[PDB]
Amino acid sequence: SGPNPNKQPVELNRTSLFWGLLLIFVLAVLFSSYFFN
Amino acid sequence: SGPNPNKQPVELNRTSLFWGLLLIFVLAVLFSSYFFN
Amino acid sequence: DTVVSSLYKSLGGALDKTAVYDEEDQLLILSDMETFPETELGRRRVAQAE
Amino acid sequence: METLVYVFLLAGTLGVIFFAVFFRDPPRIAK
Amino acid sequence: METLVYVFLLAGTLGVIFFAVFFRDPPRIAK
Amino acid sequence: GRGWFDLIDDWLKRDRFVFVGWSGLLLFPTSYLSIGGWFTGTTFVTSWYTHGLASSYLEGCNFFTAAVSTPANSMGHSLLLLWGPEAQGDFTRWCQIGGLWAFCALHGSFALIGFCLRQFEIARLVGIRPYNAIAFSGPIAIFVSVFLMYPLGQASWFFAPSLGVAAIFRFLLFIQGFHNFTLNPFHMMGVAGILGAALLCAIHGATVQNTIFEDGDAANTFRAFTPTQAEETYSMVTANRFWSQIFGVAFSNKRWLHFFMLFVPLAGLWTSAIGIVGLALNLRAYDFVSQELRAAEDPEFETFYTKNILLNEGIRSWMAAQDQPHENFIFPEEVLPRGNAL
Amino acid sequence: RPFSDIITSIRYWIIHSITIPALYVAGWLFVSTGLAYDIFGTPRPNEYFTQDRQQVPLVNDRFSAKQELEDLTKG
Amino acid sequence: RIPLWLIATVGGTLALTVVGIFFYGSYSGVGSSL
Amino acid sequence: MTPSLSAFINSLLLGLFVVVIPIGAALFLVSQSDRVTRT
Amino acid sequence: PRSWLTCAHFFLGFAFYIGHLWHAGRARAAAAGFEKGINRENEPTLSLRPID
Amino acid sequence: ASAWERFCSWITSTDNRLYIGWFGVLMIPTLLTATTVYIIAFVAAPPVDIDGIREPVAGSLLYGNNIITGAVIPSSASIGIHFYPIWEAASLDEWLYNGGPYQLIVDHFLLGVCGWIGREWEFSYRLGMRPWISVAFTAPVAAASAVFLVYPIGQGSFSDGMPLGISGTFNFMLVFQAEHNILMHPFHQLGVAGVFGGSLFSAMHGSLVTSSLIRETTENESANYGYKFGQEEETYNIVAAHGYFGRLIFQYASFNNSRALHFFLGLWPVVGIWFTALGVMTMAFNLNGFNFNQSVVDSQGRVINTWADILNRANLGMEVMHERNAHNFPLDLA
Amino acid sequence: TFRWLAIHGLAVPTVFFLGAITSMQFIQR
Amino acid sequence: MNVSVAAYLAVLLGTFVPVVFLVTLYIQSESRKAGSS
Amino acid sequence: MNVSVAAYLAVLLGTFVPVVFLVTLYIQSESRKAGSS
Amino acid sequence: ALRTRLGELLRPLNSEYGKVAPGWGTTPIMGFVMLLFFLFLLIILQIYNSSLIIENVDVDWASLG
Ligand code: CLA
Ligand code: CLA
Ligand code: CLA
Ligand SMILES: C=Cc1c(C)c2cc3nc(c4c5[nH]c(cc6nc(cc1[nH]2)C(C)=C6CC)c(C)c5C(=O)[C@@H]4C(=O)OC)[C@@H](CCC(=O)OC/C=C(\C)CCC[C@H](C)CCC[C@H](C)CCCC(C)C)[C@@H]3C
Ligand SMILES: CC(C)=CCC/C(C)=C/CC/C(C)=C/CC/C(C)=C/CC/C(C)=C/CC/C(C)=C/CC/C(C)=C/CC/C(C)=C/CC/C(C)=C/CC1=CC(=O)C(C)=C(C)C1=O
Ligand SMILES: CCCCCCCCCCCCCCCC(=O)OC[C@H](COP(=O)(O)OC[C@@H](O)CO)OC(=O)CCCCCCCCCCCCCCC
Ligand SMILES: CC1=CCCC(C)(C)[C@H]1/C=C/C(C)=C/C=C/C(C)=C/C=C/C=C(C)/C=C/C=C(C)/C=C/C1=C(C)CCCC1(C)C
Ligand SMILES: [Cl-]
Ligand SMILES: [Fe+2]
């Protein structure tokens, strides 16, 4: 039905990239020793 | 040492996306029955 | 007034009839950003930083 | 359990085919 | 074999730390 | 203002020394009824008929050993209403079955509700964003998960944290011995949040106090700040340089810093709440099965984890008899798990 | 009016040279009378145990709790 | 009319006396092992 | 009517006449007496 | 008495190390002349070239 | 214009990405050595006879541990607090048998964190910022010295220091509670107050600063971008937050002064952690927490239990089960 | 009277309980 | 049937890594096209 | 060590999927920033 | 923008956005029913909690048979 006026860009600056990567890797480190059992 | 004049953008149009996804999925289909053994 | 009339089933909601249209735009975020004047100290500091 | 992987891969290939047929880049003539 | 996964995860966290320290977005003052 | 509801609203929201608000109609009674109840239960009421303990200053306890002990285990999860089928309107028997704990806990839940509603109300009337009411959700989650959902998953209110100091220490060691809650990854995330929040508090205080701008000629620099000044009282650039070249990374954005200071403790509390909710159903990260099997088949395989498991067995066996008197556990000296000598 | 302005006022202290000690002593006679032990059911130093009751008293039923409480607290 | 420094002095003295009476009761009578 | 049901109904009545009604009456009287100005 | 003396003097030794750190830092800052704060006019950091 | 002068300028340079300075000269090698030996010993190290009874305990990943159970085991109890470098061992294998890597890592790490305190002071002097961030760091370091160094000194064995692992940390906690009753010791209670209050004030301060942020951002944009790095103006209304918090509790409680507020923020956790580190330092020499066991007796004189007694039961279970094969005599005097 | 009510609701139980506690120090078993 | 166990990781990750690579190359190109306008 | 076998897939994919999501969100955003100029 | 048959059929059901009855309207009966539903929830909560024992209401597994 044509272009949507509600379209917006999405961003993730580099500080947020490093924060997210650190969170995911640390969660993996924490919960791997519990998933393997 | 400042901005590099050799910087260029990189692209993958949607047709190429579907071609690549199809290639990867079909290779997985073909070689899964050989990796599991 | 009567019992059934008292509940005003007939009158829409017991107190409800002839409803107005609310005007306030409830989905509205204010956008009155504030400008802070640049002091002379600010100009000196940004000059040193530049 | 490998039937899970085989079925998932075949379904993924079928999904890629579906999205390629129905969400293709529409051909248009340049100017 | 889990030592492989543990070592890989710890090394990945250390690598993320390295890249965050040394390839950060440089702070600069806006204008 | 004319209508009766408008008049009540105008009076409740009056700007006086103690803001009342509509939430005050839920906070001030219940909160009061909670706190005095504690001060009553920790001062005159006993745990002799529920736990076999003395828990009041009257019985001889001090601030540490005095507590409002949980109800008897036979009560189950009864609401312990003073008019209920247990006390049946008798205040003395109600206090004797530990119904005062139910009073304090049930009034404290609604006091927390009223205080969060108070935060929302004052934020709305003052006209700021409601981030303080959402940060109190962390404490609300802690109270709900630890004092309500944990005993509701267990056999009775008896296993809830008894409201005291030594009582809370006993709850800590009981939960460790019976659930091994230190091994729980959600508890680990919670203690990470708590210690990281304390760390953020300390570093932020030191950094702000130590990058202050020279706004006076007095060695004591507290008087050199004005509440209404439109100038930052400390250097963000200098602090950023310090922490960047000392620690490699540093905050560059005050708003991000202060949201982070909010997020760390709140995330810790919610994570630990998930772990305690797990512990309510005995869904506990008690053991690593691989090491248990290896130690079962390899009697020379020892880890600090196995030593902790042995300590938990010791806690359980040497604590059950006096900690759960309703069970009537008689463990002879033969069966008690011991070590050589001591 | 401000807190220090009230505290240093003489009238405050004419009121609270009499009001505060009255209830400070009321609590004293509340417990010295032994009334707390009766309202709150707390055993005195000579009531934790008695004949045939050299063991800890415990309520073991939800609904008959009052009944066994009297039975145990007959004294 | 009464200097607030004297009020603070006497009030803190009385509060410390009450807490010390609590400490004595901690070393005497019920609640003490003796 | 069991004793528990009588106790429950009595609890509702006392909650009305000891908590809700007194607090509401006090709020109404105080709000009607001590009124804001220029509303 | 050994426990009392040892604990008390270990406590006071650590406390006086903290006092040393405080007073030595303040002595250096006051001698250099920035124990009251950072001068808004001549901030050293703004003169420094940015890292990274 | 001299080689030493150029070297001193480079060491004390504010242009290096990471400041070195003279304290960094001692910190970087020590911390790097500790990191290297810790990583190598955690991934791969033979079991260590911690208790001096020829019962090795595994702590390395390769010997059947996970990240949670892995640790660098404390030194052997036979060593005591004798210095045990590599060159004092007949072979490297028997250096690893008796937990020498723990001594190496602990010594280098303690020296490195001391260097970190000094380096924090140093950069501040170069910056021209006020000192004392260093003083705040001491509280974490003090606790680390209390657990890794002072507790072995008081008890007389490096086997008694905390293991460099997660499960070993829990083991050290439980044994410390069993032997000293740290929970009832008031300095640990002050530390608990310190950390809980630090979390409370962190959440409160962050909530109030984030709540009163001045509108400088559009609706399709993160509010954090309303602040520009290095700006002169305040990014939030201190008056709004102060008034909200005054209405929340009462006016007098709120910190109308921001500098006093941040001093209190830096003070509460630092003093709490100082007190708990000092408490561990004092329980190293066996000045234990309170012992209210059997403090309530009836008129006849028989013990009416309290919560202290029930806590004592857990402490006693941990006491009897800890180090089952190490004790030959009834009292745990060591 | 709201100021009176709040401050005295806090105070009256406090002094009553403190008097009871100071008496309770002397129970002497 | 008895099959290998790392073959699961082989198949799943050898499908995942190229697939996310292609998806990233597509999204990045599109984002750039949108940003140009 | 009798460890689980799907725990490998759990850990590795629960690390991989969020990591590639973050990397894609960063690359998309950067590409868009470059395309704007 | 687009007109459809179902859109035309359902348009009257989405044509009074923002229409509000003036004043308090039906709020008193709303509050009364709120009170009644609160009482009902309290009754059933106390029934299962066994703080409100109703004759011929045996809250137990054994009541099944
Ligand atoms: C903010 C006010 C407030 C709140 C939220 C609560 C909340 C609570 N109190 Mg209460 N309480 C209050 C003030 C408050 N209290 C005050 C001021 C006092 C001191 C006098 C007490 C004294 C007190 C005691 C002594 C006890 C409680 C208890 C309770 C709990 C049970 C409530 C219950 O089921 O009551 C019954 C239900 C109600 C009161 C709601 C009434 C609803 C309407 C108004 C009734 C309408 C009547 C209806 C038309 C009748 C028709 C007949 C029938 C067909 C229905 C709950 C946590 C109990 C507890 O904690 O046990 C552990 C308990 O024993 N409270
Ligand atoms: C580094 C050490 C450490 C740390 C930092 C923590 C941290 C935590 N532990 Mg603990 N814990 C530890 C070691 C540690 N633990 C160890 C070694 C063990 C095993 C022995 C345990 C065993 C353990 C258990 C069993 C539990 C915790 C819990 C918690 C959480 C408590 C949250 C809180 O603030 O509650 C404080 C309480 C609240 C915030 C509730 C609301 C409080 C209200 C607002 C108070 C209002 C009072 C009012 C003004 C009246 C005052 C009156 C006055 C007279 C006193 C938190 C994540 C709890 C948890 O996980 O909960 C989810 C929990 O149940 N821990
Ligand atoms: C909710 C309950 C609770 C709470 C809040 C606490 C709180 C605390 N307990 Mg615990 N404890 C609990 C329950 C609880 N406990 C229970 C139930 C028990 C009985 C078993 C104990 C038994 C117990 C013991 C026996 C001890 C504690 C200690 C502590 C403190 C730990 C934090 C500290 O001092 O850090 C301060 C900071 C540090 C220790 C960290 C040092 C940081 C160094 C300097 C730098 C490290 C650099 C690093 C290696 C590399 C960086 C990497 C880079 C890439 C970033 C704290 C006060 C400990 C304590 O007080 O120690 C002094 C302690 O010894 N507790
Ligand atoms: C044990 C630690 C702890 C305590 C004692 C505590 C206490 C407090 N929380 C408050 C606030 C906050 N706490 C916050 C975050 C946190 N709070 C934390 C942990 C704590 N918070 C943590 C870790 C965080 C980080 C997320 C925020 C963000 C706020 C606030 O905004 C608020 C404030 O204004 O602070 C200045 C204050 C006001 C609460 C209130 O009015 O409740 C209303 C309820 C009352 C009065 C009744 C209490 C009912 C309780 C649950 C049961 C009865 C308890 C007994 C009377 C006493 C038990 C004694 C023990 C020994 C068992 C108060 C000082
Ligand atoms: C062989 C190997 C490697 C061995 C390792 C073995 C081993 C045992 C492994 C450890 C495993 C491990 C990593 C597991 C951790 C798992 C765990 C429990 C994770 C918790 C995760 C979780 C989701 C918790 C939720 C709570 C949460 C959000 C906590 C976050 C904590 C956190 C990062 C807090 C901040 C800490 C911190 C250091 C802050 C520094 C800030 C700093 C630089 C200040 C800068 C600054 C301050 C100012 O004030 C001003 C003004 C300016 C300008 C300024 O700049
Ligand atoms: C000589 C000795 C040198 C030793 C230096 C060692 C420094 C270590 C660096 C850690 C930073 C990690 C990246 C953080 C993420 C990051 O890039 O943040 C960078 C971030 C910059 O934020 P800005 O304010 O620039 O961001 C504003 C924007 O976000 C807009 O919203 O600063 C911080 O928040 C860092 C403060 C927390 C610093 C502690 C981080 C947690 C450390 C834990 C690491 C895990 C260890 C596990 C290993 C298995
Ligand atoms: C409980 C219950 C049952 C059923 C119905 C009923 C409505 C009655 C309901 C509610 C009852 C209520 C709310 C009762 C009220 C009682 C209250 C508020 C009691 C509180 C008493 C307060 C006390 C001791 C305070 C003692 C304080 C102390 C030492 C302080 C120590 C200190 C001193 C002395 C000097 C300086 C240092 C320091 C630490 C500050
Ligand atoms: Cl021995
Ligand atoms: Fe700040």
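No hydrogens, no waters, no symmetry mates; every other heavy atom, side chains included, goes into these values. In listed order, ligands and their atoms are each counted from 1. In what follows, every chain begins at residue 1, and chains take the letters A, B, ... in the order their sequences are listed.
Contact annotation: for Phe170(K) versus ligand 2, there are no heavy atoms closer than 4.0 Å. Counting heavy atoms under 4.0 Å from ligand 2, residue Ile276(F) touches it through the side chain alone. By the criterion of a heavy-atom distance under 4.0 Å, the side chain of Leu195(F), and not its backbone, is placed next to ligand 2. Residue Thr182(F) touches ligand 2 through its side chain alone, judged by heavy-atom distances below 4.0 Å. Heavy atoms of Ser272(F) found under 4.0 angstrom from ligand 2 belong to the backbone as well as the side chain.
Across the listed options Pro29(F), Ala20(L), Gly36(F), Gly36(F) owns the non-hydrogen atom lying nearest to atom 12 (C) of ligand 7. Of the candidates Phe40(G), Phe39(F), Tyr57(F), the one placing a heavy atom closest to atom 22 (C) of ligand 7 is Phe39(F). For atom 25 (C) of ligand 7, the candidate residues are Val68(F), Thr14(L), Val12(L); the nearest heavy-atom contact is made by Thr14(L). Closest heavy-atom approach to atom 17 (C) of ligand 7 among the candidates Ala11(L), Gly9(L), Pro13(L): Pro13(L). The closest heavy-atom contact to atom 33 (C) of ligand 7, among the options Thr22(L), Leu14(H), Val19(H), comes from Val19(H).
Side chains of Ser254(K) and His242(K): a donor on one and an acceptor on the other come within 3.5 Å. No hydrogens or angles considered: a donor-acceptor pair under 3.5 Å links the side chains of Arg255(F) and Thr235(K). With 3.5 Å as the limit, one finds no donor-acceptor pair spanning the side chains of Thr46(F) and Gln96(F). Using modelled atom types and a 3.5 Å distance limit, the side chains of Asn282(F) and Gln154(F) yield a donor-acceptor pair. Remark: the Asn253(F) side chain and the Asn224(K) side chain contain no N/O donor-acceptor pair separated by less than 3.5 Å.
For atom 3 (C) of ligand 7, the nearest protein heavy atom lies under 4.0 Å away. In this structure, atom 53 (C) of ligand 2 is not in close contact with the protein, since no protein heavy atom lies within 4.0 Å of it. Protein heavy atoms are found less than 4.0 angstrom from atom 57 (C) of ligand 2. Protein heavy atoms are found less than 4.0 angstrom from atom 19 (C) of ligand 2. Distance screen at 4.0 Å: atom 37 (C) of ligand 2 has a protein heavy-atom neighbour inside the cut-off. In this structure, atom 7 (C) of ligand 2 is in close contact with the protein, since a protein heavy atom lies within 4.0 Å of it. Protein heavy atoms are absent from the space less than 4.0 angstrom from atom 38 (C) of ligand 7.
Within ligand 2, counting atoms from 1 as listed, the ones closer than 4.0 Å to a heavy atom of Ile175(F) are 25 (C). Per-residue contacts place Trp38(F) under 4.0 angstrom from the following atoms of ligand 2 (heavy atoms of the residue considered): 54 (C). Applying the 4.0 Å criterion to heavy atoms of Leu269(F) picks out, from ligand 2, the atoms 32 (C). Using a 4.0 Å cut-off to heavy atoms of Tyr32(F), the atoms of ligand 7 that qualify are 13 (C). For ligand 2, the atoms lying closer than 4.0 Å to a non-hydrogen atom of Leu172(F) are 20 (C), 21 (C), 22 (C), 23 (C), 24 (C), 65 (N). Atoms of ligand 2 found under 4.0 Å from any heavy atom of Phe181(F) (numbered from 1 in listed order, with element): 23 (C), 24 (C), 25 (C), 26 (C), 60 (O). Below 4.0 Å from some heavy atom of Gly190(F) lie the following atoms of ligand 2, by number and element: 57 (C).
Ligand 2 lies less than 4.0 angstrom from a heavy atom belonging to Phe39(F). Note on ligand 7: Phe91(F) sits in its first shell, one or more heavy atoms being nearer than 4.0 Å. The closest approach between any non-hydrogen atom of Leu18(L) and ligand 7 is below 4.0 Å. Within the structure, ligand 2 lacks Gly275(F) among the residues with a heavy atom less than 4.0 angstrom away. A heavy-atom separation below 4.0 Å is not found between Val195(K) and ligand 2. Judged by the shortest distance from any of its heavy atoms, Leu279(F) lies outside the 4.0 Å radius around the atoms of ligand 2. Contact analysis leaves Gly268(F) out of contact with ligand 2, as no non-hydrogen atom separation drops below 4.0 angstrom. Contact analysis leaves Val18(H) out of contact with ligand 7, as no non-hydrogen atom separation drops below 4.0 angstrom.
Ring-centre distance between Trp28(G) and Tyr24(G): not below the 6.0 Å cut-off.
Taking atom 51 (C) of ligand 2 as the reference point, the nearest protein heavy-atom neighbour is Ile35(F) CG1, 5.0 Å. Atom 34 (O) of ligand 2 has as its closest protein heavy atom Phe196(K) CE2, 3.4 Å. The closest protein non-hydrogen atom to atom 3 (C) of ligand 2 is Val191(F) CG1, 3.7 Å. Here the heavy atom of the protein found nearest to atom 1 (C) of ligand 7 is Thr40(F) OG1, 3.7 Å. Distance from atom 44 (C) of ligand 2 to its nearest protein heavy atom, with residue and atom name: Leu112(F) CD2, 3.8 Å. Shortest contact from atom 7 (C) of ligand 7 to any protein heavy atom: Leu33(F) CD2, 3.7 Å. Looking only at protein heavy atoms, the nearest one to atom 24 (C) of ligand 7 is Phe17(L) CB, 3.4 Å. Here the protein heavy atom with the shortest distance to atom 11 (N) of ligand 2 is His187(F) NE2, 3.1 Å. Looking only at protein heavy atoms, the nearest one to atom 42 (C) of ligand 2 is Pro139(F) CB, 4.9 Å.
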Apply side-chain contact (heavy atoms from CB on, under 4.5 Å) to the pair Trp101(F) and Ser69(F), showing each step before the final yes or no. CA-CA 6 Å; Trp101(F) 182 94; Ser69(F) 303; over 6 Å; no

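Every residue meeting the ring pair (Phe, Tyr, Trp, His ring centres under 6.0 Å) condition with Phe40(G), not counting sequence neighbours, appears here in chain and number order: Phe44(F), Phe91(F).
Between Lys254(F) and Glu234(K) a salt bridge is recorded (basic side-chain N to carboxylate O distance below 4.0 Å).
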